[PDB]
Student: 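Take this structure first; my questions come after.
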Amino acid sequence: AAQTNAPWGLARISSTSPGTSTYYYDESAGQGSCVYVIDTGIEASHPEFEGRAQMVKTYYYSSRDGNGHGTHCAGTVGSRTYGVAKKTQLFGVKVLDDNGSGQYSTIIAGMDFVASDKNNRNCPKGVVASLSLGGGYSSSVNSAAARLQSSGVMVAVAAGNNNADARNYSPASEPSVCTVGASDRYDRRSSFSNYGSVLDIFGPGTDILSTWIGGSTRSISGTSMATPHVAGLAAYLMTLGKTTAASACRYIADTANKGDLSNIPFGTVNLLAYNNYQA
Ligand SMILES: [Ca+2]
Ligand SMILES: [Ca+2]
């Protein structure tokens with residue numbers, strides 16, 4: 001399949017080179033996989049989700065995404081137009097309030113929730129969780145992310161937007177999950193992207209167009225935008241049977257475009273998520 005005039009990030013994950021415009025992907029498109037978007041919620045009614053999104057848990061008064069961030073991330077995972085894995089099932093877990101903030105205890109609880117809830121869902125091709133969030137280092141947040149991964153969920157987390165080593169942020173610094181840096185359309189590390197030895201992979205994160213609340217769309221930037229590209233890619237690859245939740249991060253790294261990025265500090269991987277699609 002080919003989506004013409006796709007958002008640059010989708011084009012980039014299906015090309016060995018920057019600057020293309022078509023997103024090439026196998027039509028299976030993540031069908032049969034599930035992605036939990038642990039964030040400010042998902043506006044599931046957005047037409048771009050085609051009924052494939054639903055809220056499954058909120059830690060606040062409402063499950064509505066009153067912010068937009070979670071809806072944006074969800075759209076990069078799995079919306080029709082903006083999504084990597086266009087046929088995946090999306091499940092929203094609202095751990096962040098409508099200002100985009102959440103206490104660590106709530107974020108942990110939301111991770112534990114996913115680890116259990118997945119057992120109640122039909123996800124024959126496997127389960128991914130996308131965590132476009134983080135704060136300062138917390139062993140308890142890291143341990144929650146590790147548990148979620150151990151439970152059989154492909155966990156992708158944002159590296160953070162501090163232009164610093166991700167070792168000082170969580171859950172970015174948890175080794176066992178897939179920690180995602182951000183790049184821009186010119187294959188530079190995004191100016192805000194964290195870096196460091198704990199990064200596993202980069203994905204497109206600067207000026208990413210996706211869904212927004214009120215049935216709208218907008219372009220925003222962050223490691224939060226790179227993370228759902230990787231989460232979506234994992235779902236896509238899992239549907240194709242090329243990898244499993246436990247191994248998807250390493251598979252993505254092994255099959256990534258290598259050395260294409262600039263302003264990568266020594267010691268940080270130079271790997272950009274790539275679907276290796278061949279018609
Ligand atoms: Ca290249
Ligand atoms: Ca890792």
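Every heavy atom of this structure was used, including side-chain atoms; hydrogens, water molecules and symmetry mates were not. Numbering starts at 1 and runs along the sequence shown.
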Student: For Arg12, is there an ion pair with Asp187 - N to carboxylate O distance below 4.0 angstrom?
Tutor: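 Looking at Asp187 and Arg12, the cut-off is met.
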Student: Under 3.5 Å, side chain of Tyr186 to main-chain N/O of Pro18, donor-acceptor pair present?
Tutor: no
Student: Quick one: do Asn194 and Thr223 satisfy side chain to side chain contact (heavy atoms under 4.5 Å, CB included)? Show the steps, please.
Tutor: CA-CA 8 Å; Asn194 284 348; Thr223 57; 5.7 Å; no
Student: Looking only at side-chain N and O atoms, does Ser151 offer a donor or acceptor that is under 3.5 Å from a partner on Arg147?
Tutor: no
Student: Identify whether the distance between the nearest side-chain nitrogen and carboxylate oxygen of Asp254 and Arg250 falls below 4.0 Å.
Tutor: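 Salt bridge absent between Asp254 and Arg250.
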Student: Can you see whether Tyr36 has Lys118 sitting over its ring - NZ or CZ less than 6.0 Å from the centre and within 45° of the normal?
Tutor: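 Here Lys118 fails the 6.0 Å and 45° test against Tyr36.
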Student: Kindly indicate whether a cation-pi arrangement holds for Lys86 with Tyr25, taking the cut-offs as under 6.0 Å to the six-membered ring centre and within 45° of the axis.
Tutor: yes
Student: Check whether the side chains of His72 and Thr211 place a donor and an acceptor atom closer than 3.5 Å, and report yes or no.
Tutor: no
Student: Less than 4.0 angstrom from a charged side-chain N to a carboxylate O is my criterion; do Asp65 and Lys94 meet it?
Tutor: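 Judged by the 4.0 Å cut-off on N to carboxylate O distance, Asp65 and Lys94 do not form a salt bridge.
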Student: Tell me whether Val157 is reachable from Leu237 by hopping between hydrophobic residues (I, L, V, M, F, W, Y) whose side-chain heavy atoms are closer than 4.5 Å.
Tutor: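 The answer is no; the residues belong to distinct hydrophobic clusters.
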Student: Does a donor on one side chain sit under 3.5 Å from an acceptor on the other, for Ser247 and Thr244?
Tutor: yes
Student: Any side-chain donor-acceptor pair under 3.5 Å between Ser170 and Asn142?
Tutor: yes
Student: Mark yes or no for whether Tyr23, through its side chain, and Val84, through its backbone, hold a donor-acceptor pair below 3.5 Å.
Tutor: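 Checked: pair present.
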Student: So do the side chains of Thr88 and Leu90 get within less than 4.5 Å of each other, counting heavy atoms only?
Tutor: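 Side-chain contact under 4.5 Å: yes.
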Student: Examine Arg80 relative to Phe49 and say whether NZ or CZ is less than 6.0 Å from the centre of the six-membered ring and inside a 45° cone about the ring axis.
Tutor: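 Verdict for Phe49: no cation-pi partner in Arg80.
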Student: Looking only at side chains, do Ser79 and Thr81 share a donor and an acceptor under 3.5 Å apart?
Tutor: no
Student: Other residues, nucleotides and ligands only: do more than 12 of their heavy atoms fall within 6.0 Å of CG on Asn120?
Tutor: yes
Student: Side chains of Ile213 and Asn67, heavy atoms from C-beta outward: is any pair under 4.5 Å?
Tutor: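 No; the side chains remain at least 4.5 Å from each other.
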Student: Verify side chain to side chain donor-acceptor pair (under 3.5 Å) between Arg189 and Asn163, making sure each step is shown before the conclusion.
Tutor: CA-CA 10 Å; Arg189 173 170 67 86; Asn163 185 31; 2.9 Å; yes
Student: Tell me whether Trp8 contacts the main-chain N or O of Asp207 through its side chain, where contact means a donor paired with an acceptor under 3.5 Å.
Tutor: yes
Student: Let me see the working for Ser28 and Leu240 under side chain to side chain contact (heavy atoms under 4.5 Å, CB included), right down to the final yes or no.
Tutor: CA-CA 7 Å; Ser28 52; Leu240 286 169; 3.4 Å; yes
Student: Does one hydrophobic cluster hold both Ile252 and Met238, with members joined at side-chain heavy-atom distances below 4.5 Å?
Tutor: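 In one cluster: yes.
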Student: Are any non-hydrogen side-chain atoms of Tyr82 and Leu209 less than 4.5 angstrom apart?
Tutor: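 Side chain of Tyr82 against side chain of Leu209, heavy atoms only: contact under 4.5 Å found.
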Student: May I have the step-by-step check of side chain to side chain contact (heavy atoms under 4.5 Å, CB included) for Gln3 and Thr22, ending in yes or no?
Tutor: CA-CA 5 Å; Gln3 174 184 356; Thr22 293; 5.7 Å; no
Student: With a 4.5 Å limit on heavy-atom distance, are the side chains of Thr4 and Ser21 in contact?
Tutor: no
Student: Could you tell me the separation between the NE2 atom of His229 and the OG atom of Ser183, rounded to the nearest 0.5 Å?
Tutor: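 With rounding to 0.5 Å, NE2 (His229) is 8.5 Å from OG (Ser183).
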Student: So with a 6.0 Å cut-off around CZ of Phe192, is the heavy-atom count from everything else above 12?
Tutor: yes
Student: Are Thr71 and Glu43 close enough that a side-chain donor and a side-chain acceptor fall under 3.5 Å?
Tutor: no
Student: Can you confirm whether more than 12 heavy atoms, excluding those of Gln54, are under 6.0 Å from its CD atom?
Tutor: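 Above 12, so yes.
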Student: Between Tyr195 and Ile201, is there shared hydrophobic-cluster membership here, with clusters defined by ILVMFWY side-chain heavy atoms closer than 4.5 Å?
Tutor: no
Student: Test side chain to side chain contact (heavy atoms under 4.5 Å, CB included) on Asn276 and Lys242; report intermediate values, then the result.
Tutor: CA-CA 11 Å; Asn276 294 88; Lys242 288 180 187 283; over 6 Å; no
Student: Taking side chain as C-beta onward, heavy atoms only, is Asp39 less than 4.5 Å from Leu133?
Tutor: no
